[PDB]
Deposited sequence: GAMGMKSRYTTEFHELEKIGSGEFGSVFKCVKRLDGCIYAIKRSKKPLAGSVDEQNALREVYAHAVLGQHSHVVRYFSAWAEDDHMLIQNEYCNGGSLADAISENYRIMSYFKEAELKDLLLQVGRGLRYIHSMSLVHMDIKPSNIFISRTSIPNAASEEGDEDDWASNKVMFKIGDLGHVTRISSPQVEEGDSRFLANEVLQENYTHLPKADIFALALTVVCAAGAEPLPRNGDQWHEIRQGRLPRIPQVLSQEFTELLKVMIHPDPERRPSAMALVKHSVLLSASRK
């Protein structure tokens, strides 16, 4: 007799976290298919509650954009918090990249430009709302197939653009200035992470979490990419990982970039 059990039928598990999981569900009254994340509810009044509530608010304010997974509802039950989103039938970008890796057939240049432009429009929107994402990576981006659409789905590190305290995102995608607790240019940390996300989609080996190879990238050196890309596209990716955040393009500049003009729909 919970809301989750009475209003939805679970179809298939489609994601899994430490404190719960995501199911593809059909909603009984409207007949439509949704993705629903169900997680342990944090303590009332706790810091974890504040964090969980911020993530709900980020879905509720960002999900109407075409390149953010759409939000429908969120609720609490006795021991759980639930978020109901659109179901993206193509799954995560990380799983698409994993399959591509296995078969040796990666995203081609035109498809990489589409990914970069589409997630770039998502970031231009997020930044225009005075927010930053803080955890761009393949496992946080979802695919809808019909032309392909990429959508930012996980919003659990979103915070305001001038936040003086930040929960760092995945260390594989994290820009050095954030690691050093410099938060003057937070939008450019999302640009850095998006470039490395595109490098992953271009066929690169798994990125380092730490160590010498991690530091090499933070000097502005792109990882090896196993396919020929144009020099100007490669140069765009490199300047998006520039050690000086101010040299990286804004998301607005990225979506207006001459290199991505061909990708525009």
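*Asks:* Could you sort out which parts of the deposited sequence are absent from the coordinates (no C-alpha) and give them as ranges from 1?
*Replies:* Residues missing from the model, as numbered along the full deposited sequence, span 1-5, 152-169, 289.
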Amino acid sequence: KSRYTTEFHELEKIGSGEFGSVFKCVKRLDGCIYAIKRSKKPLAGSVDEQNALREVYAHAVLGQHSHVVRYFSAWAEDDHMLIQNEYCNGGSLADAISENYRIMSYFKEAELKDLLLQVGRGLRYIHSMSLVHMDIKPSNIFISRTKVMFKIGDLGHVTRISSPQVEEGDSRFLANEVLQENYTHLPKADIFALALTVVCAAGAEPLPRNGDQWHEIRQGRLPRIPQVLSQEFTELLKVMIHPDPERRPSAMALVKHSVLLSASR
From here on, numbers count along this sequence of modelled residues.
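Take the two forms, find the largest set of C-alpha atoms that superpose within 1.5 Å, and that set is the rigid core.
*Asks:* Name the stretch, 112-120 or 160-168, whose C-alpha atoms sit farther from the shown form on average in 9 other deposited structures of this protein, taking the rigid core as the superposition reference.
*Replies:* Evaluated in 9 other deposited structures of this protein, the stretch farther from the shown form is 160-168.
*Asks:* Can you check whether 78-86 or 169-177 lies farther from the displayed model in 9 other deposited structures of this protein, averaging C-alpha distances as RMS after superposing on the core?
*Replies:* Taking the RMS over all superposed structures in 9 other deposited structures of this protein, 78-86 lies farther out.
*Asks:* Please confirm whether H133, modelled here, goes without coordinates in at least one third of the other compared entries that cover both its neighbours.
*Replies:* Modelled in all the others, so no.
*Asks:* Is it true that at least a third of the other compared entries have no coordinates for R102?
*Replies:* Result for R102: never missing in the compared entries.
*Asks:* According to the deposited model, is the average Cα temperature factor higher in 159-167 or in 127-135?
*Replies:* Comparing 159-167 with 127-135, the higher average CA B-factor belongs to 159-167.
*Asks:* Could you check which stretch, 95-103 or 72-80, carries the larger mean CA temperature factor in the entry?
*Replies:* If you average the C-alpha B-factors of 95-103 and of 72-80, the larger mean comes out for 72-80.
*Asks:* Among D190, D154, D114, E181, where is the Cα B factor highest in this entry?
*Replies:* Each of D190, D154, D114, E181 was compared by C-alpha B-factor; the highest is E181.
*Asks:* Highest recorded C-alpha temperature factor, please, choosing from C32, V61, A44, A204.
*Replies:* Highest CA B-factor of the listed options: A44.
*Asks:* Is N85 in the lowest, middle or highest third of its chain when residues are ranked by C-alpha B-factor?
*Replies:* Its C-alpha B-factor belongs to the lowest third of this chain's values.
*Asks:* Where does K238 sit by CA temperature factor within its chain: lowest, middle or highest third?
*Replies:* Middle third - that is where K238 ends up once the chain's C-alpha B-factors are sorted.
*Asks:* Quick one: classify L229 as lowest, middle or highest third of the chain based on its Cα B-factor.
*Replies:* Highest third - that is where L229 ends up once the chain's C-alpha B-factors are sorted.
*Asks:* What third of the chain, by the recorded C-alpha B-factor, contains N140?
*Replies:* Lowest third, going by the recorded CA B-factors of the chain.
*Asks:* With respect to C-alpha B-factor, does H185 fall in the lowest, middle or highest third of the chain as deposited?
*Replies:* Within its chain, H185 is a middle-third residue by C-alpha B-factor, going by the deposited values.
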